[PDB]
Amino acid sequence: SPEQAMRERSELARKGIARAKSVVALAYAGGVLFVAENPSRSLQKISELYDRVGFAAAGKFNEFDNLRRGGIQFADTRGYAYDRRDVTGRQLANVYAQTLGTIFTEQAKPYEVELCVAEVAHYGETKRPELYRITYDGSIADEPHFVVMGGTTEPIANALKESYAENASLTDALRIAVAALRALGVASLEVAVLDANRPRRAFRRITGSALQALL
Amino acid sequence: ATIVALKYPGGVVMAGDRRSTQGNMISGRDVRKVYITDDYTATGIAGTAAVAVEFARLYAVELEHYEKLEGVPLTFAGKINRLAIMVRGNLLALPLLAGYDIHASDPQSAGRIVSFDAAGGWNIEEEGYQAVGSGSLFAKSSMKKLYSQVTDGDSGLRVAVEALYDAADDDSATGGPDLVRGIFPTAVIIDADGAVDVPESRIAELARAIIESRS
Amino acid sequence: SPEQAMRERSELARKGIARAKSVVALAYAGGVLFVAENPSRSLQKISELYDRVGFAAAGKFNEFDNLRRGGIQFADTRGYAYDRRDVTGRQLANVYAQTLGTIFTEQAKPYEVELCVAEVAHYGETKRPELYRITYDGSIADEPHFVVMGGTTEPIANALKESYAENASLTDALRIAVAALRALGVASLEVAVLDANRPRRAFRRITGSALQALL
Amino acid sequence: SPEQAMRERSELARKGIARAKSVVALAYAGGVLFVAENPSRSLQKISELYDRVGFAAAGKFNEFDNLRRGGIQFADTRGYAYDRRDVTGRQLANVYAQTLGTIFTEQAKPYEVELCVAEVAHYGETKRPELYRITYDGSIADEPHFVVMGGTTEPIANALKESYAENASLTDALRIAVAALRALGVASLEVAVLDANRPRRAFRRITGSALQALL
Amino acid sequence: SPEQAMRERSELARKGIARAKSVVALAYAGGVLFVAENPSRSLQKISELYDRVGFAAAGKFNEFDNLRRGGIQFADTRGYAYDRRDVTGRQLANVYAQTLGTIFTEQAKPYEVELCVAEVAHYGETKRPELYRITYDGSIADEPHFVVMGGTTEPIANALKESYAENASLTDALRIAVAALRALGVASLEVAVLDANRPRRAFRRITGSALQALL
Amino acid sequence: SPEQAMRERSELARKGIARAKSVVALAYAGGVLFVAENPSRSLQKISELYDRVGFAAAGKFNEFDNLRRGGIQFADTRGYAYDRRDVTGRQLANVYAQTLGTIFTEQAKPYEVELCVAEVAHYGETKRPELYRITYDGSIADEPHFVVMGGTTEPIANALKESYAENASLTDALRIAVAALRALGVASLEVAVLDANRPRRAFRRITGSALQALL
Amino acid sequence: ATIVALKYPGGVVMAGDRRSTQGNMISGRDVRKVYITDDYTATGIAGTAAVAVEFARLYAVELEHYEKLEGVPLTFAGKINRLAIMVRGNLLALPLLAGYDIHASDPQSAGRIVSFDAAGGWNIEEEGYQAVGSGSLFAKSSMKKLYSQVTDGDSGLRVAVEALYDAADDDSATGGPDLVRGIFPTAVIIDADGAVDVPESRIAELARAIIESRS
Amino acid sequence: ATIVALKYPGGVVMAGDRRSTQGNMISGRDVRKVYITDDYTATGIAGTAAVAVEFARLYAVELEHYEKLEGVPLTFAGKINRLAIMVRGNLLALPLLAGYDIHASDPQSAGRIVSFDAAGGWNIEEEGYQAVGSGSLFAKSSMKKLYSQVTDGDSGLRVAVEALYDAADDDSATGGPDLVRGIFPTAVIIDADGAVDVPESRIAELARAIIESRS
Amino acid sequence: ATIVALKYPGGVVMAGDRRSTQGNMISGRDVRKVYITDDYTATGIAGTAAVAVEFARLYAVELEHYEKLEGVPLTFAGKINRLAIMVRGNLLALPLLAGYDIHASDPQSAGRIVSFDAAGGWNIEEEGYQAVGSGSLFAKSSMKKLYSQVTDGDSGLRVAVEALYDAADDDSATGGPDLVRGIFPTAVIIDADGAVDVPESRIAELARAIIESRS
């Protein structure tokens, strides 16, 4: 009875994911904003995959750390093989979806992780940011505005659907994301951005007095 | 055999001879050594027809495979990288590459010439002309004096045909215009609208004019 | 009891397929018309396999993306091996049927996908278009007029059986397909054709103001 | 309890075979006549294995297509190894029986196919035609007159046991087979013969106005 | 519970063997007589293994055909390795017993076959014929007079225990065996002998008018 | 529940062994006497392993024939490796115990065999004979006087415990063993001895008029 | 040895000599070096009979394997591709290929000649005639003057026989017409109706006429 | 050593010498170099006795293996194919094959001679005689003049013995008739009734008559 | 070193020298080069003691392994086959084999001598004597004249000792009788009762008599 096994695995994965904290991604005027609750400085849930590709995850740290390392290795190999412009968010999202589906199908215990991949336009180019959401069983969706993962996401989803404006500022977006997450100072918070105005490397980490000044 | 490529404002031209020999005996009379492998790219190998046609077919298959898989054509930088992998794997005669860069900032300076050395390393020409083959030295020395007369596609084609004639005049392995059998060199012109083969009558008229002027 | 397992797998596959959107293919005078509901620009369900072979699928994106990539690789290998005219829709349909049957038999969870392969006559030749339907368990059928896959296909099947005419126009066929699917503007719609009047590559994508003008 | 599993597999195979159409083979004066109901021109259930060996199957197309390809490859290898006269219907029937038995024993799901192998005498030789029947579990039987496979075979078996004459004509045998199958014009019918009067290749396909004239 | 599985496998093998026809072997003055009911000329249950070794089997044709081929290959290899006199009936019986035991133990479904191996003295030597019986689970027994396999063997066993005489003639033994089997003309009967008076090859097949004259 | 499986396997092995005939070994003044009931001349249960090592077994012939062959091969390899005096009964008993334990643990069906290994002193040396008993699950025991295996061993064990004398004669020991086994002429009996007075090879087989004279 | 092929309106002809030597000693007298490998294709290898016949057999087997597997004969472009794979794998003497293109637009210009160089690359002849072997130069020089007289099949056959005679006149490794033994060169003619062998009497009469004219 | 085979109406004869040497020293005196490998086939290798006997044994084993496996002897075309595989695998001296074709249309023209060159390619002789070895040239030159006298088996045997004598007269590595020791060449005659060895007395009388005539 | 073997009515004798040298320096004085490897078989290797003893040990182990496994000693034909496999695997000095055939029809003609050439092929001697080693030529030339005096075992032993003396007289690598140290050649006699070593006193007396006669 494959239906019973599939339902039990889905329930286990949902229970595992729902116990994790909430990480949210926003698309403001200058790129993509990542906000997460990280009480530990040593462990991080937001990282960098390539020049214009970001990474965010929620769930067991060891399960998505390996996925992040594999994605970084794959992006580096593909960039060195063809060119640096070959690597895009679509390919990383697709390979992550295939890997998650294979883990869900063949492995004994499914991964209790949620994945988000964000891409920004190259320097001197105009293009709307792209956000992708990968679900534990391999499902892939495209989110035009924002992605909310981890925990009770419904109240935060409603709080973000309301009072959301395009082409906002970094400070305004940061306050909106913080208010949505609360529905929280320098500590227990992790903020990273994908600045499209950077020449080559768009990933940038905000931590310290700069975050307090922005807040 | 000799293949000559030179740049003109708004494009690039490529041409080659029609002779293949086994030492001191003539083997072929209408050998084709220049082929169109992409909408904005042509290649040429100084050697037998079979090797050149197989190389062109393999390059076209590789380019089309990437195009169909990813849905977007490769960048010019990525096209050179894949070609060098093919050259290194084979080792032999060395190829000559000419194409158009449609993403260049200046359309008038978009033509490109790529050459591979004996070791297999690729170089981008900056002097505006390049010749490969046994009669490459004579053709290059002729273009050195004749490059000041190139102002459009027709001038570049005339200069290329004259360079081929000069190369054939001093080398016994390169064939000149055959005014008895009616076999003239083949040429390819690449511009913003794409790579197109030059009709044989314009080649014939230019060769006849050059021969008459030389008398 | 293999019968119970087979019935459960078939029920799971049918339930998975029935939740997907509807994609329909039509055979008009100039080739094959593909219409699908695609709210995401980044993800596509209609692609190209070879010069005169198309592809359409319904279901989980990750499951049929791999099948499309494998079919493209197989077609390219067979074309480079024997000739470009060797590749036909029959061989691709057969290999897809074998792959789907093997996945259904040996793999733990069956693929919830539906496959359609369409072929058109070569340039300067007369031959009726061919349409094939591959079902998840490996079943293969030949459809002379139209193929409907995904979702509640019965109302669309009846709406297409009624008011269907051979040798219609592109615009008339597009309106008929849209009306059948509704039983829907530029957005949330994907349209591709296989134009038999093209010299070598028959696949063509219609997107943007052209689709609105056609509509 | 191997008995329960064997009975369930046999029941599944019988249920799968019984849903397929009926294909019948007759041994007339000039060779072996194959009649089948094939509404699709693209898919065929009757093919050729060697110079004097035929093939006929009923059931899932993908399951017996692979068997036909393997038999063709084996026949070609054996003919190239020893001689062209080495290959006979007995060896092909035996290898098909071993393959079907192995599939039934080891594979998860048995093949729902029925196989018939017919051989004719060489040119300028006298020998009665041989007909073999291979059943899904590997059972092999020799049929002196006719073989009926697929669907409700009992009424057709009785209709062929009655009103059957040896050394009949092609037209008389064709009418007898058609009447037995009905108990049906050019379309939805596939007719092939093994003409013993041919020098080397005995297989011949009748399709088109010739079939209507014969009918 | 290995006992239940062993009993079920033994019952399945006995049921499979009991549905087959009866083959009997007799030891007359000149060698070993093999009588079997074979309505098909193409399929044979009695064959030859080596110069003075015979073979007889009852059950599924495909299951013992492979055993016969393997025994022939093993006998040929052992004869070419050491000498032609090395090969004896004991070694073939032992290897057949090991193979049958391994099939019964490890394979999913046991073989429903019964094996008999008979040997005769070399030319110009005196030695009583040897008969061996191999049972499906690997059991080996030595039969001094006769071996009966297949079907309801009890009535034939009693009919052969009564009215059996040593050093009989070929015709008398043939009539005794036929009468025992009936408790049957040229057709539906297969007769082979192991003539000890032959120089090197003792196997001989009787078929046609000779069998009728002997009968 | 490993206990249930172990008990079932032990019961199956005991049931299999108890149906076999009885073989007994005695230690008289001149060596070791082996007596067994062997109605078949061709099959033997007593053999030779090395110069001063014997072998005896009870149960399925095919199961202990392989063990005997493996023991002979191992003894030959060890003798050729170090020296002829290296091989002793202890090493053979130990390797047989390990092999039987591994078969009992990993293989699906345990071996229904009982093993006895006897050794004698070298020529010109004084040393009491050694007898070892290996049980199907790998248990090893040392028997100072006699070993009884196969069938209802209790009555024979009591009959041998009573009226047993050390340093007896060959004839007296043979009569004692025969009387114990009965609690039987030249036929249906197998007698072998390990004569310590032999220079190199101690194994000797008694069969024919010599056995009757001894009896 | 020398093999000559020349094109005539509506077909193509092929012929070869009948001499094989080991240096300065004649080895064979009636060696056949031209074979028919398809209905519209013939091949010829300058060398021993065994190599040529094995090459022809392998090519025919490959072509027939593809024909039986896919149900349609290969295109002429695909036939050359498979032949080059066989030539490259072997490496040696090099083959000569002549055939008819039934899919060509102009039936009168459908004959084809294919040659392979030492490196294994294939070339399509455009001068209308080609010769391979040791006496290839003399035969080609003769056809250079005699090609103006070819207007039909008979004229082409006469010119081919004259070219063979001229090649044998100057080379000791090529045999001329044997008017004492009666061994004349073999010829093959391919036209729209297929490839056919030329009878030996027409060959004989043409050789006799040429010899008489030369006297 | 020299082996000679020549054809006569209704059969074929084969003979060889009885000398083996290591350079200038005689090694053997009664070496046998012709063996019977089948009922209608004999072979001969010019070399040491061991190589020839091993080759004959291997060929006989291969032929008998196929005969026992398939129940029918190989055709003459298939016999040559298997022999060439053995020759190619070994590489050395080259074998000579002579046999009778019982399926030939004309019984009087059924004898066959097969020769293998240095490269391993097989050729069928059409001149009626063939000789291999060191003295092959002298034997062939003798048969060239003596072949007109062959009309039956006895004439062919006389001519073969005379050819062997002539070959031994001019070569020191070939032995002539030994009238002191009584060692004469061995001969084999193959006809419709099978291959038989010629008795030594008829060989002796023919050698004596030839020697007397030469004096 | 030299090993000589000659046949006498009812048996065969073998003897060898006792010298081993490294070029011009004597290495050993009592080297034994003849060993008994079976009850009816002895072998001898011309070389160092270690190689000969290892070869004899390996041959004895192989023979005893087969004897223990199959219960019957190998035939003489099978003994030679196994020895040749060992010789071929090693490649070196070549062995000499002498034995008694107990299954021969004539007991008086049962002695056998086997020799291996450089290539490893085995030959059976028919001249009644054979010698191997550096002084083989002198020993054979001596036996050529002295073989007429052999009528029993003692005569054969005398002739063998005389042959060894003659071989040592002309070769510096072979040692003659040492009448100061008391080291004489070793001899082995094989007859119907088995192979036995000759005592050193009879060797000594024969050597002394030969030396006295030579003075």
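For this structure, a couple of remarks:
When the chains are written out, they are named A, B, C, D, E, F, G, H and I in that same order, and each has its own residue count from 1.
By definition in this document, contacts are C-beta pairs under 8 Å (C-beta built on N, C-alpha and C of every residue); 3 or more make two chains touch, one makes a residue touch a chain.
In terms of residue-numbered contacts, E-H and B-C present the same interface, as over half of their contact pairs agree; the other options in B-C, D-H or A-B do not. Closest to the protein's overall CA centre, chain by chain, comes D.
Simply put, of B-C and E-F, more C-beta pairs touch at E-F. Measuring from the averaged C-alpha position of subunit C to that of subunit F gives a distance of 75 Å. Remark: subunit F and subunit H have CA centroids separated by 59 Å (rounded to whole angstrom). In whole angstrom, the spacing between the mean C-alpha positions of subunit A and subunit C is 33.
Shared interface positions of subunit F, defined as residues touching 2 or more other chains, are absent. Listed by label, the pairs of touching chains are A-B, A-C, B-C, B-G, C-D, C-G, D-E, D-G, D-H, E-F, E-H, E-I, F-I, G-H, H-I.
Taken in their complex, subunit B has these residues touching subunit G: 27-30, 48-51, 54. Residue ranges on subunit F touching subunit I, taken from their complex, read 44, 47-48, 69, 72-73, 76, 79-80.
Partner subunit A is touched in their complex by these residues of subunit C: 8-9, 11-12, 40, 42-43, 60-63, 65-66, 107-109.
Looking at the complex, you find that subunit A touches subunit C at residues 1-3, 6, 90, 94, 97-98, 101, 105-106, 130, 132, 138-140, 142. Within the complex formed with subunit I, the residues of subunit E that make contact are 81-83, 85-86, 91.
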